[PDB]
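Colleague: Shown below is the structure under consideration.
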Amino acid sequence: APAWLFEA
Amino acid sequence: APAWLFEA
Amino acid sequence: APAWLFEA
Amino acid sequence: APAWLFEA
Amino acid sequence: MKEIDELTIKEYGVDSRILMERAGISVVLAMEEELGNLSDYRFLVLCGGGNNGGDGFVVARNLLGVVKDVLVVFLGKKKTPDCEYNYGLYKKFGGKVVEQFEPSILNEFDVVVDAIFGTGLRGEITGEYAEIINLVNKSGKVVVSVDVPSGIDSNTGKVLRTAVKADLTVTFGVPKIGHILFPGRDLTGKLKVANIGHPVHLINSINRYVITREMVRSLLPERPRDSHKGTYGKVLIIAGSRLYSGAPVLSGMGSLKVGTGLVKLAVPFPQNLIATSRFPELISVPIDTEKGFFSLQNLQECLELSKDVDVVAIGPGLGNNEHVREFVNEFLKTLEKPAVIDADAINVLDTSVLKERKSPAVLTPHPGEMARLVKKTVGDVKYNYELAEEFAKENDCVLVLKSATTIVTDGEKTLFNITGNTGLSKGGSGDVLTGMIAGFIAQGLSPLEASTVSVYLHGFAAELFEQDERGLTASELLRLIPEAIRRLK
Amino acid sequence: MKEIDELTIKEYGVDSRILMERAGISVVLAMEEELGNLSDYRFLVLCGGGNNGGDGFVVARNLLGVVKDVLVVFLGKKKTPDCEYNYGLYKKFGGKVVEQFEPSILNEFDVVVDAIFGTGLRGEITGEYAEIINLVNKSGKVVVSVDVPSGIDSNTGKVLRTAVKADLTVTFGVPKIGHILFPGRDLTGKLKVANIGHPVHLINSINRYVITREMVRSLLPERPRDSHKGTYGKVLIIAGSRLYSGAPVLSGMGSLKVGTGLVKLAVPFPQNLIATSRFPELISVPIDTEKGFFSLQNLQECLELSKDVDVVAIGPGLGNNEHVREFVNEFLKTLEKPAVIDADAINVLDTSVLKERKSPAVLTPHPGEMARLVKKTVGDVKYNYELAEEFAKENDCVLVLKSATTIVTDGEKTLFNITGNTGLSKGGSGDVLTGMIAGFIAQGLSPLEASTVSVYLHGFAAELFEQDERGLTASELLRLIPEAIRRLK
Amino acid sequence: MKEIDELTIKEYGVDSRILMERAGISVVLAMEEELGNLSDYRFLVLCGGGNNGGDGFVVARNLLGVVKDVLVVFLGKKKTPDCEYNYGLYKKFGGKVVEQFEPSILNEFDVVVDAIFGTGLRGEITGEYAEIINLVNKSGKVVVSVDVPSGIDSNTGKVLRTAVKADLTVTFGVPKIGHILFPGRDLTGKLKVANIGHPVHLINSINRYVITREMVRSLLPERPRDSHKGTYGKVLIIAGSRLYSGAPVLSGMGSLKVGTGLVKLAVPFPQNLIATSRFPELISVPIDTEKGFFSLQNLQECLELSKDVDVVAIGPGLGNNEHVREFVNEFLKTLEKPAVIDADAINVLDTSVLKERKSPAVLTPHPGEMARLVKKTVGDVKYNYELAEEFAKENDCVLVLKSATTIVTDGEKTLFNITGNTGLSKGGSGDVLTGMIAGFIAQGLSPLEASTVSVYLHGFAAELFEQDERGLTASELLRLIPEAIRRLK
Ligand SMILES: Nc1ncnc2c1ncn2[C@@H]1O[C@H](COP(=O)(O)OP(=O)(O)OP(=O)(O)O)[C@@H](O)[C@H]1O
Ligand SMILES: Nc1ncnc2c1ncn2[C@@H]1O[C@H](COP(=O)(O)OP(=O)(O)OP(=O)(O)O)[C@@H](O)[C@H]1O
Ligand SMILES: Nc1ncnc2c1ncn2[C@@H]1O[C@H](COP(=O)(O)OP(=O)(O)OP(=O)(O)O)[C@@H](O)[C@H]1O
Ligand SMILES: [K+]
Ligand SMILES: [K+]
Ligand SMILES: [K+]
Ligand SMILES: [Mg+2]
Ligand SMILES: [Mg+2]
Ligand SMILES: [Mg+2]
């Protein structure tokens, strides 16, 4: 799942 | 379909 | 759920 | 559909 | 209906207040059916000084304590007795009335209940009345109109200077002519007709009705299994010209698609060959003409061809020159069969000819053709059901005055059709309907019955078009007719 | 757009480095949207010495530590200030740059980021630049181009000797003409347009746009329910000949399928009978000609037929001989109605006639016809939007220059159409579009609006064909138009 | 992190304005991800005079022209350089700032962007600051906080008089301790952590982390197929009393459910029989006691039983009287095995005993037990991670300080657990966790690793309960552990 900008 | 009050 | 006339 | 960054 | 209210009060003995309570609660129930649970909405109820406004006060009072906020703006000068009584109840129940408004009032409300004017509208709306109506129309709020949207004349559907545009109209007893004819039909939005306790015998006595699915279903002719083409009648269509070769084909298939047994066209040669190249089911008889138009020289051949049919349709694509006029009028004068008279046969018709015919006729003009036929303007005949009734009664015919709402009358009974869409606003639509009517007559329906069934199914077939309605063409309409018939039962 | 960058820096006061950061990150986000999680991929970032390359250094630096491997190959000589600053950041962050490459370098990488040249491309690409671009194109790696694929002229879409073929192009602010016109449109692959923080007022000031679904939806005319065929206009189509009998039929139905109220064709007899045998909805008037072609002897009949219509389309299938030339030019000189001029009417047109017409015109040439009309080669007019603009402005018309990307201009405003496919590369396609344009004009759209809506819907209908596009024919295109209209709203 | 900003600017050379642009855009993207399309919403952006407010100005400026309305209320006195620069951009772009507000301002807006204070909060919030924050909290608008909700101390999670309650918090680089500890964790709402371009090496250097699913997955021990119960270790649990017979059973099964090979309980007779009547898998050794509690007379039997195990857990349900104190302290002083010390063994522990043990220990107090252990108030130890770190470092142990957010530390490394819910706020929960920790130690994880994995899985098992969390009991928690383990991989 793409996570370059955000970590949850 | 019940129609005592309303006709469409 | 619409309840102007009847409560159950 | 969200479009702040990209138009297609 | 004003007579129906009066009789229900004065002779059946129903208290006028009981009718008014029933009216108001039916509005509340209608809104709930349309909006779901009312308890989160804020309501602005706009009340005139008449009984429409009294109905409004019943609405307002019945929402008190159950929804988020109710405010009444009372816009009248004086109150009728029932309006006064119901204003009095609203206030005793804790309700807030104001008599002035600012443009900003719409801000704090979600639903506008329009109880300003109903059937008692007289004359143009001006002043503060007009101003609040224009504000409501610019507000983008949900608008619910009591009986008729304020500003529509309920007998004609005309806008008296300005009128409320409603999302939902709740009317009492029966639909009013102004919900059915445009522009009123447009401003009504979704129409609900509420039973408020008039005796059913009175409601059923009204002589002008909307054509419904149930009425059309019970009129559809029977198809007994032991039958043959002769069971289902024969139609002759006299149509076309060197200019207008497509009309006969659309009329002929119109008759076939509604279940007619045999259809014969008489069309000038070689334009007759057009029809069978498209649909070989049709019989397309070549008529030898001097210059590509029917004339008196074809009279005898056409009467001969009429002898072996049940109905004759005439007019689509004939052209309108003097030779056509002479032919059409001499033909109809001698033809002793039901006639469906359309298009150019109307444009050349001598109405004395109709009065002297022993056999029946249906005429199917659009307003342009009706205007020319009675020597009036389009604006004076458009939606003029009383003129249509007089014409039908005086000429002993059925008149089918085509428009978005179509009027069908024999002078005694008048029916309004509300099926269809703008895909029918295109050349060829009318030609189909002519064939449908002739077809149903051939199958045994009276001219009035045939017209009632055909206008409904023609519009319903249009609504069944799968893609955008503006792309509907007559050929596609034809393909949809048998699906309309199936959906009707 | 170079002006837009400058103004955003010099007058709005946005630091040039902020714009460059925004550009680079938008590339990273775009790649993630297209490739999913980036963390398993190895990236080769090819950077020129300009600001395109600076954008590249921002990309490279933002992938450091987050993906499997990044390498920059720096191919320039010197660096602009922002490229230098961002090179400096990349290296401070631990990034690897090399200035030489071997053909084998592509081996150890999955994604090529092409930041070699953007809008600053000048002249043919040669040398090591060309060589790395040719290696990238043979590599079968995923190619992501920064702003414009290197080697495409961003003002014209021409390839300057060689150019990168991209899977994904990320451009900034607005699409460039070279993403829209071929061959550049082809090499762009999937285009994303990123907002990098220019004031919206500047982005919106650009005078050459791509026709979008939203623009076409808001232009579609209204269908008021109280309407009739006259509401939706009347078209006359003057078309066909003994040689070319099919053209009128496709043009006529083109008008009907977009919602026109009435369509009349004037076609030489007996070729006029073709139209109504296929579609009886059409009116196909027979014109008596000496040898099967329109001539001056038909002038008067055609002007007469024009009086009762809103628009006239002329040209499809007329033929091109001197009698047709005399007829077409004398007709257009006297006709005081909007005209849609296509095909053979363009081939014979005297452009002086256009300058003297008071009424509007749309011309719809393919490049072959445009070339003959202005006496240039096909290669000089093809995709030449500035020539199209000058022609429209000088002749006071709308010019619709048909090709895979269609240009629509009135001289002031220019729109590009990117809908359609190769199924339209077949006889008959053009004839349909002519009817569509005439139809929309008849319904009340300006010639420019009608052309904008028609080119978009014509191509979109083609894309809706269910089977392989190469089997699409004009007849099937017609059937698809009303589904295109429905999908548009 | 303030150090991380500084180093990224001063030593890596990233312009401070670039960091601020990146922060602001990440807020916009986060809001879009959470709210869908932003274009219909009206935004009120509340900006302080610091860099938090500068981040706010970037947000505001990037919404201009794209959403329905933006207003900035600037609440500060002076502006830092980056705040000033970004205020300047906002205004050049056409943005509206006001410096005063009335309570009514919230009315015309849908979303509040809280950029008042971030990590620069110092001291209690009073005055107009407090007033606008209290108004925002009563407004029922969607609240999006920039970095940390204004009024939360980002190092502790305490509310400095009053604080914004956010639906969404967007923080930069790394979560702050005040998003993790309550009450701050509660006021943060949904937390997104945005990458704004710090070097990854710096982001990764932070010494206090949140325990994540990926960290726990990589710590889970291996299950080689050629294994037997001895592969997976042996646990002794010394627990229970005549008063507290249930504790041993929950601790024992806690060890078994995480994959321990053999579990032995030592429990006073006859309370030991309780365990095997519920779970016969357990070994429950009867210890003969004088009055139903462990005492020095049981020392030797317990050390003997310890020889054949890998880890000993002690404390749940022992009771706390002097004989238990003497037993617990003499046992732990002689036991040369890792020890997990819980509950009543903590209540009687002599901390000198921990300093002299050569073998490792984990202590698992709730704040009440930690308070008594260090002779402070519950309020002074609750969420006091620095006190926990000092205690762990001074006593050479791992400390697991239980609460809604659990702190796990060995003095050097500190981890925060955010799994779980209020169903764990019930007797028995702790007893399970003790067994889980002992179990993982027995399987070969370090005391710190065992504690990290166990706190995460214990809370995650609770979240997997099917019904309302308040009905969760320890027995049901146990049944859920192996499903938590499965979902983790
Ligand atoms: N907007 C509309 N809504 C519903 N029905 C419509 C609408 N517009 C037209 N119609 C219907 O379509 C038919 C049009 O017949 P008319 O004779 O007016 O038009 P036409 O172009 O002459 O068709 P033809 O070429 O077959 O003669 C009528 O039944 C009319 O009621
Ligand atoms: N490859 C393509 N992609 C998109 N659109 C195309 C493509 N090829 C052709 N078209 C479109 O199809 C239409 C072709 O019209 P044109 O007048 O060039 O051809 P034609 O063979 O003359 O059609 P007709 O026989 O109707 O005159 C134009 O709208 C053109 O833009
Ligand atoms: N609201 C909550 N959210 C998340 N975790 C919680 C919550 N309340 C309690 N817990 C967890 O449940 C466990 C409670 O253990 P503790 O020793 O405090 O309680 P207990 O009643 O003594 O349980 P036991 O009877 O097993 O000793 C701890 O892991 C604690 O972190
Ligand atoms: K009303
Ligand atoms: K490039
Ligand atoms: K904040
Ligand atoms: Mg007609
Ligand atoms: Mg062509
Ligand atoms: Mg406990």
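The deposited model was determined using X-ray crystallography, 2.1 Å.
Just so it is clear, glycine is given a Cβ too, placed from its N, Cα and C backbone atoms.
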Colleague: Kindly point out which candidate in E:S16, E:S150, E:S154 is recorded by Swiss-Prot as part of the K(+) site with E:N52, E:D114.
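Modeller: So the K(+) site in Swiss-Prot includes E:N52, E:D114 plus, from the candidates E:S16, E:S150, E:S154, E:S150.
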Colleague: Select, from E:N52, E:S150, E:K402, E:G430, each of the binding-site residues with a Cβ positioned under 6 A from at least one atom of ligand 7; if none does, say none.
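Modeller: Once distances to ligand 7 are taken from each Cβ, E:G430 fall under 6 Å.
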Colleague: I want the residues beyond E:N52, E:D114, E:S150 whose C-beta is within 8 angstroms of the mean position of the K(+) site's C-beta atoms, in chain order.
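Modeller: Here the nearby residues are E:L46, E:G48, E:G53, E:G56, E:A115, E:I116, E:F117, E:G118, E:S145, E:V146, E:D147, E:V148, E:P149, E:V164.
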Colleague: When you measure from the Cβ of E:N52 (K(+) binding site), which residues in the chain that are at least 6 apart have a Cβ under 8 Å away?
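Modeller: The answer is E:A115, E:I116, E:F117, E:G118, E:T119, E:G120, E:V146, E:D147, E:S150.
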Colleague: Taking every protein chain in this structure into account, which of the binding-site residues E:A404, E:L424 has the most other Cβ atoms within 10 Å of its Cβ?
Modeller: E:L424
Colleague: With a CB cutoff of 8 A to chain F, go through the binding-site residues E:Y129, E:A404, E:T422, E:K426, E:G430 and name the hits, or write none.
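Modeller: Qualifying residues, whose Cβ lies under 8 Å from chain F: E:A404, E:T422, E:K426.
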Colleague: Of the residues in the region 'NADPHX 1' (E:51-55), how many are helix, strand and coil by DSSP?
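Modeller: Reading the DSSP string over the region 'NADPHX 1' (E:51-55) gives 5 helix, 0 strand, 0 coil.
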Colleague: Do any residues at least six apart in sequence from E:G430 (ADP binding site), in the same chain, have a Cβ closer than 8 Å to its Cβ, and if so which, in order?
Modeller: E:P316, E:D342, E:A343, E:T364, E:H366, E:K402
Colleague: Restricting the comparison to the binding-site residues E:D114, E:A404, E:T406, E:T422, which residue's C-alpha is spatially nearest the C-alpha of E:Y129 ((6S)-NADPHX 1 binding site)?
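Modeller: Result: the closest of the binding-site residues to E:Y129 ((6S)-NADPHX 1 binding site) is E:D114.
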Colleague: Can you tell me which of the binding-site residues E:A404, E:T406, E:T422, E:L424, E:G428 is spatially closest to E:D114 (K(+) binding site)? Compare CA atoms only.
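Modeller: So, spelling it out, the nearest of the binding-site residues is E:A404.
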Colleague: Cβ distance under 8 Å to E:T422 (ADP binding site), same chain, sequence separation 6 or more: which residues?
Modeller: E:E469, E:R470
Colleague: Can you tell me which of E:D114, E:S150, E:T406, E:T422, our binding-site residues, come within under 6 Å of ligand 9 at the Cβ?
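Modeller: None, as no Cβ falls under 6 Å.
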Colleague: In the region 'NADPHX 1' (E:118-124), how many residues does DSSP assign to helix, to strand and to coil?
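Modeller: Taking each residue of the region 'NADPHX 1' (E:118-124) in turn, the totals are 0 helix, 0 strand, 7 coil.
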